[PDB]
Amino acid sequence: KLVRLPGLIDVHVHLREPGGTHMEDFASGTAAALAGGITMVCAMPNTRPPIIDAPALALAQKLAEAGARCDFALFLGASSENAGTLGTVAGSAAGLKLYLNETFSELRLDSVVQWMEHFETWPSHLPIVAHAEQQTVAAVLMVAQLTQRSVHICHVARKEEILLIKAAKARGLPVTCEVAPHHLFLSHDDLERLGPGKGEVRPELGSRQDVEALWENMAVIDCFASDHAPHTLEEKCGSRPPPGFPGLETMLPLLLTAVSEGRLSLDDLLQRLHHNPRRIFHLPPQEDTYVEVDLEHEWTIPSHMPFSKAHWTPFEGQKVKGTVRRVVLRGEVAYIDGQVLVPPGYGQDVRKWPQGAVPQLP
């Protein structure tokens, strides 16, 4: 009665470690990942301190190796000062992340020339990923063409963005992209329920026409990724609400509900949560790793999922059909019906595996 899936990959998560101000860490975030059927995560570099140099990467590597319950890779972050300085550690990271719109001071790039410098100095065979909204998508595509290499666009959220990427792909340009579940299953219509605090996210929630454009152009979407961005309700309901939603535990149930409704096929889902993440970021296989899901149980998303320390969710009240029953990670039972059974530190840095290095010419 259960369906066996491969180990699913989430290439866009914020686990807030290193850092001292948030409740989420590698241990709680990867517990949430396992409960969502996710056995490998790529963690973003906008931590405190941000992962913008080799010492910060070394610290984060050890914190994750000690806390992670599933396997992982860590992004490096582009800064106004580190272009040309990351060559010796670049291969050990998931890739390079550029924050091209709003971000905090250490990751801010003040000029497209700084984008160009990163595209020119980052090793050409390694992934580059960009937070790029609206016209910024076109701008970074231009920089990628000027430097003759590929780029991956995070969380595409608008009709404008997906149609631009569609046009670029039709001209044969090397661009891939990812879409997050809140931009497929939430819209402006939900802001009345969520309110202006909880509803804050970047890219912002789109119109009904944005959501319909993403579904209509599913063929253009290479990956799904949660953009798990945990903040507590104390932050979201405060005077300066930070943007972001938690999403590791809800993403697969939401997408399996869409499969059961015929909105996409099981294959469409597995291309975007397994095969394409593997090939875009050259993430290695996980031996003896699989997820068992139950597609019969209908349940309502509660006010908070059990594991993420965010302790809230914007999908509260939505009806879903699909449950993660069991996760096996490298031969060990990692999750069964609401209980995580692997300790912090079970997870490993996949870039240190022999099959986890990105191939390159000598």
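Residues carry their position along the shown sequence, with the first being 1.
Practice task
Read off the CA B-factors in the entry, average them over 95-103 and over 272-280, and name the higher stretch.
Solution key: Averaging CA B-factors over each stretch, the winner is 95-103.
Exercise for the section: With reference to the PDB entry, specify whether the mean Cα temperature factor is higher for 232-240 or for 178-186. Expected result: Comparing 232-240 with 178-186, the higher mean C-alpha B-factor belongs to 232-240.
Exercise for the section: Name the one of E133, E117, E200, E160 with the greatest CA B-factor according to the PDB entry. Expected result: The C-alpha B-factor peaks, among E133, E117, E200, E160, at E200.
Handout entry: Ranked C-alpha temperature factor of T250 among modelled chain residues, by third
Key = Tercile = middle for this residue's CA B-factor.
Exercise for the section: Please rank the C-alpha B-factors of the chain's modelled residues and tell me whether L59 sits in the lowest, middle or highest third. Expected result: Within its chain, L59 is a middle-third residue by C-alpha B-factor, going by the deposited values.
Exercise for the section: Quick one: classify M44 as lowest, middle or highest third of the chain based on its Cα B-factor. Expected result: Its C-alpha B-factor belongs to the lowest third of this chain's values.
Exercise for the section: Ordered by C-alpha B-factor within the chain, which third holds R16? Give me lowest, middle or highest, please. Expected result: It falls in the top third of the chain.
Practice task
Would you check the entry's CA temperature factor for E81 and let me know if it's in the chain's lowest, middle or highest third?
Solution key: It belongs to the highest third of the chain when residues are ordered by C-alpha B-factor.
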